[PDB]
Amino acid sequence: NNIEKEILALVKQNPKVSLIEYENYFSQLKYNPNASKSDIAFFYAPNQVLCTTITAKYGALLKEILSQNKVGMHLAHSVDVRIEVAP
C-alpha cells in the first residue's frame, strides 16, 4: 500500500514513459504483496485489455525499472513482473 504508491513514482519519474501513458495505463495498476515476493512482483489491473496491453507494451520497462531499484522485492537482481485482473 506504501510500496504501491511508490513503484508508481519510479514509473512516473521514468524517461521512456509519458504523462498520458502513466495516466491512462500505469495509474490503474495495483500492487499484490500476497503473491509478490521477491523474484517477482504482482500487480492487478482492473480488466483484461489493461492487463494485456500494459504487459505487452511496458512489461519490460517494469521488469527493468524494478531490477534497477530497491523496493521490498528483494535480491532478485532481475525481478520478474506479473500483472493480472482483479477478482
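Throughout, we count residues from 1 along the sequence that is shown.
Enquirer: Per the entry, where is the mean C-alpha temperature factor higher: 65-73 or 11-19?
Expert: Taking the mean C-alpha B-factor of 65-73 and of 11-19, the larger value falls to 65-73.
Enquirer: Averaging only over Cα atoms, indicate whether 56-64 or 39-47 has the higher B-factor in the PDB entry.
Expert: The stretch with the larger average C-alpha B-factor is 39-47.
Enquirer: Report the third (lowest, middle or highest) to which the CA temperature factor of residue 34 belongs, ranking only the modelled residues of the same chain.
Expert: For residue 34, the deposited C-alpha B-factor lands in the highest third.
Enquirer: Pull the Cα B-factor of residue 83 out of the PDB entry and bin it into the chain's lowest, middle or highest third.
Expert: It falls in the middle third of the chain.
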